[PDB]
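Report on the following structure.
To find a chain, count down the sequence lines: A is the first, B the second, and so on, and within it residues start at 1. Note that ligands are numbered from 1 as they come in the structure, with each ligand's atoms numbered from 1 the same way. No hydrogens, no waters, no symmetry mates; every other heavy atom, side chains included, goes into these values.
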Number of protein chains: 2
Amino acid sequence: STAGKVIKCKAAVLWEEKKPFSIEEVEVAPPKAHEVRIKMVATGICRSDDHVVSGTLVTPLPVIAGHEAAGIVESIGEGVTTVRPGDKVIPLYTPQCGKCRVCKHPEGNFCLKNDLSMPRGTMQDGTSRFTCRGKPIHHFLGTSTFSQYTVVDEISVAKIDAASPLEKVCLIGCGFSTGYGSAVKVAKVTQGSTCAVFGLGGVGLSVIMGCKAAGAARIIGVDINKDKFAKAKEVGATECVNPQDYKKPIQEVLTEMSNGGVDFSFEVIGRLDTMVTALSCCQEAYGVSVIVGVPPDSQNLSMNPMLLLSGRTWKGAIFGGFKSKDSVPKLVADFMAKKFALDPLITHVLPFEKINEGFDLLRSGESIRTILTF
Amino acid sequence: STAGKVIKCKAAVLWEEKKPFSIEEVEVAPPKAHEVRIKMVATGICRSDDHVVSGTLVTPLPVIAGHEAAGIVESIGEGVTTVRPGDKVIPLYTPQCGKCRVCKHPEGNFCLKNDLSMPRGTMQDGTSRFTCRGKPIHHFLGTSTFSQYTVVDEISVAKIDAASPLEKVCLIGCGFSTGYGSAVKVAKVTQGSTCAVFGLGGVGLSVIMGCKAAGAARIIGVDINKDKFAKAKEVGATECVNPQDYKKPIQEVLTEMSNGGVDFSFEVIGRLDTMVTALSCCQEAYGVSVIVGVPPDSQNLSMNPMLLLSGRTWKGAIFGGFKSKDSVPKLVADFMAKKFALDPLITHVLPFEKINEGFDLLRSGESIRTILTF
Ligand SMILES: NC(=O)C1=CN([C@@H]2O[C@H](COP(=O)(O)OP(=O)(O)OC[C@H]3O[C@@H](n4cnc5c(N)ncnc54)[C@H](O)[C@@H]3O)[C@@H](O)[C@H]2O)C=CC1
Ligand SMILES: NC(=O)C1=CN([C@@H]2O[C@H](COP(=O)(O)OP(=O)(O)OC[C@H]3O[C@@H](n4cnc5c(N)ncnc54)[C@H](O)[C@@H]3O)[C@@H](O)[C@H]2O)C=CC1
Ligand SMILES: O=CNC1CCCCC1
Ligand SMILES: O=CNC1CCCCC1
Ligand SMILES: [Zn+2]
Ligand SMILES: [Zn+2]
Ligand SMILES: [Zn+2]
Ligand SMILES: [Zn+2]
């Protein structure tokens with residue numbers, strides 16, 4: 001009934017930076033070979049989407065943003081073998097082509113087909129499937145989930161359990177998996193260790209969940225918004241500290257609290273200064289610090305390399321280090337078996353048409369994750 | 001005829017920066033409780049010693065430098081249990097107290113009793129055993145090996161094989177162990193991998209030795225002095241490149257040669273720009289870069305944190321990550337079992353009285369390691 005045809009539907013178009021999204025009609029082309037067109041069911045509001053609005057994260061405009069979502073396949077293009085119409089699916093903003101040197105590496109997950117390093121805002125073939133007012137619109141990280149329908153390349157979608165609650169497991173498309181994996185896969189937090197988590201939004205709360213799952217003895221949450229502390233403690237923090245409360249830099253405070261520095265630290269905000277602070281507060285000889293937050297475009301941090309020469313390890317990761325298409329269905333299955341919880345992250349629910357109120361909630365500090373329903 | 005008495009002997013005193021060493025008589029006090037007085041037999045000239053002369057490395061002056069050495073115990077103070085008069089020993093510029101959180105950690109080696117982070121230039125008790133022309137002289141990293149006799153704390157000395165050739169195994173006191181361990185212990189180079197080594201002096205050649213022992217398939221040496229390339233290939237480099245030969249930045253050159261970035265890179269020079277270059281030339285999703293070189297005092301580097309967010313790991317280490325008193329006797333035993341070679345590092349052997357000529361050889365680019373014999 002819609003297969004092979006252009007679909008007219010509503011989407012949230014961003015025409016320029018620092019402006020509200022425009023809810024209006026777009027035209028969605030049918031999928032070409034090895035492409036999948038998806039009817040969206042739920043999408044979360046992640047800070048990275050707000051980074052597109054603010055210019056923190058540069059990608060070509062005008063654009064349909066959104067990358068944390070779940071939906072149901074409407075149709076598939078020629079040659080698609082891994083999903084079928086009617087399947088529940090999660091779009092993958094980090095693809096898994098399975099053929100490049102990173103996909104073949106046992107640890108790597110930043111597939112070389114990604115649209116992050118040199119953003120084009122297109123499908124893999126360099127073209128767009130979206131038109132609005134007769135104008136071509138860019139894609140975002142090959143997903144573009146702020147739309148009733150999107151088209152993604154096959155390497156950018158994973159089939160998930162047919163009984164999955166899509167208004168919850170959309171968070172496995174970004175925020176939960178990023179935070180959880182950053183702790184259990186990237187840092188490899190050890191039982192009995194002391195952890196420090198900078199930033200207690202959706203992703204930082206998920207880092208805390210991973211630290212707790214790994215058996216950390218102490219998990220210190222750090223945020224300048226003390227309203228975030230209650231939920232952080234609910235999901236596993238053993239203390240929370242507000243840097244604004246202290247007359248000393250918080251790296252000094254955390255070093256004292258940990259009797260010489262923490263075992264594992266995580267930057268989950270997106271500021272150059274807290275990236276250096278988080279590295280400094282881990283123990284100088286054997287500490288590990290993981291960058292998760294997204295820095296402002298093209299800006300360099302400044303740091304003393306003696307912080308590394310003493311023995312520290314510094315690393316970062318996209319999507320918690322998970323190979324995306326392998327890991328997303330397994331994470332959904334684990335959620336179905338109650339191995340981790342997603343309800344603590346969901347503070348607000350709104351219809352898709354109220355997307356701008358959802359971003360207002362994020363910017364005011366009141367929300368963790370708002371889930372939008374189509 | 002010297003136990004319990006002050007010893008008058010020859011040492012090389014550095015009275016101020018950017019001056020030749022002054023070879024003259026000093027007074028060496030007898031060892032106090034848990035101290036060891038050593039008759040030096042051989043000491044190598046390491047670039048870190050030259051860093052003290054040049055002001056790159058700040059430590060209190062005037063000083064008896066030298067930290068890469070081997071000798072024979074002349075006497076021990078009360079309470080010493082790990083060495084005896086007559087023992088062959090190697091001083092440890094990174095102590096191993098066995099009691100701090102770092103010594104008890106399975107990975108850490110930067111013992112909290114070190115004199116590197118906040119240099120005092122004294123014994124552990126805060127005083128000096130050296131006098132010259134009436135004046136107290138500072139120690140260097142708890143070793144001070146540019147002297148016919150030195151006094152060290154028990155936690156800064158290791159007993160080694162009584163049959164050890166000290167004119168060779170003095171290099172296990174710094175240069176060899178640092179480079180070798182940086183490859184095999186800190187980076188954990190894997191079989192079949194591609195490595196890039198920036199800097200082909202004594203430490204860089206030992207990094208190559210470790211990469212080869214770990215089974216690397218490709219080892220690219222990088223140096224602006226092409227005279228270093230012959231020896232680098234002899235000990236395992238498969239290719240050598242001189243950045244001055246290229247119009248493009250060498251991180252771009254190395255990324256092309258490795259078809260997308262190397263598995264492991266090592267900065268073994270001590271320049272801020274080459275630490276950032278070495279990080280950039282390793283593969284963005286799974287590469288590992290190790291800082292070995294000593295940066296100029298109090299200078300910060302500048303880098304883009306997206307280099308880490310994509311998946312790179314950045315780390316540094318002192319003394320190759322080796323727990324010093326545990327590892328040095330085992331490395332000596334490994335050398336005696338012919339498991340690695342030290343002669344490729346030794347280009348010059350001079351009497352101690354020619355220390356300044358040995359430093360001229362290093363600064364001119366002509367030497368790798370000069371061994372000074374007492
Ligand atoms: N590496 C990856 O793959 C991913 C990176 N991100 C990035 O992670 C970061 C966090 O994302 P969300 O949790 O959704 O954002 P969020 O905005 O909900 O949480 C950020 C938290 O940091 C706090 N904060 C802000 N400035 C602070 C400061 N100077 N000191 C201490 N705390 C401060 C805020 O009060 C807030 O609670 C963002 O930068 C996001 O773009 C998000 C998902 C994937
Ligand atoms: N982390 C640790 O525990 C230790 C650190 N070090 C430091 O390692 C570094 C190397 O030590 P050595 O091998 O003894 O010194 P070295 O002076 O013999 O070797 C340094 C090499 O770097 C080359 N080089 C200089 N500038 C260069 C540039 N822009 N690009 C490419 N190559 C360049 C030089 O030609 C030279 O061959 C020093 O900074 C030393 O202080 C030394 C031992 C222990
Ligand atoms: O939040 C989802 N994706 C992010 C990952 C880090 C770079 C910016 C985009
Ligand atoms: O070369 C020997 N020791 C070095 C170790 C790194 C800091 C300067 C001193
Ligand atoms: Zn996200
Ligand atoms: Zn791939
Ligand atoms: Zn040295
Ligand atoms: Zn110790």
Which of B/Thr94, B/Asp49, B/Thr145 passes side-chain hydrogen bond (donor to acceptor under 3.5 Å, both in side chains) with B/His67? Answer is B/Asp49
Given [options], identify the one with the heavy atom nearest to [atom].
atom	options	result
atom 3 (N) of ligand 4	B/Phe110, B/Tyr93, B/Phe140, B/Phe319	B/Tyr93
atom 21 (C) of ligand 2	B/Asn109, B/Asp223, B/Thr94	B/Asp223
atom 9 (C) of ligand 4	B/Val203, B/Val52, B/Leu57	B/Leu57
atom 14 (O) of ligand 2	B/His51, B/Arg363, B/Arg369	B/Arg369
atom 29 (N) of ligand 2	B/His67, B/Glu267, B/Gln244, B/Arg271	B/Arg271
atom 4 (C) of ligand 2	B/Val186, B/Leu362, B/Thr274, B/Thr178	B/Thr178

At less than 4.0 angstrom from any non-hydrogen atom of [X], what atoms of ligand 2 do you find?
X	answer
B/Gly199	21 (C), 22 (O)
B/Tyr93	3 (O), 44 (C)
B/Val203	11 (O), 12 (P), 13 (O), 14 (O), 42 (C), 43 (C)
B/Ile318	3 (O)

Step through the shown structure and confirm whether more than 12 heavy atoms of other residues, nucleotides or ligands are within 6.0 Å of [atom1] on [X].
X	atom1	answer
B/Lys354	NZ	no
B/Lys315	NZ	yes
B/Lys19	NZ	no

Counting from 1 in the order shown, the ligand 4 atoms closer than 4.0 Å to a non-hydrogen atom of B/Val294 are 6 (C), 7 (C), 8 (C)
Applying a strict 4.0 Å limit to heavy atoms, is [X] in contact with ligand 2?
X	answer
B/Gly202	yes
B/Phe198	no
B/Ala317	yes

Of all protein heavy atoms, the one nearest atom 43 (C) of ligand 2 is B/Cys174 SG, 3.3 Å
The protein heavy atom nearest to atom 10 (C) of ligand 2 is B/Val268 O, 3.3 Å
Between B/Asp161 and B/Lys88, is there a side-chain N and carboxylate O pair less than 4.0 Å apart?
no
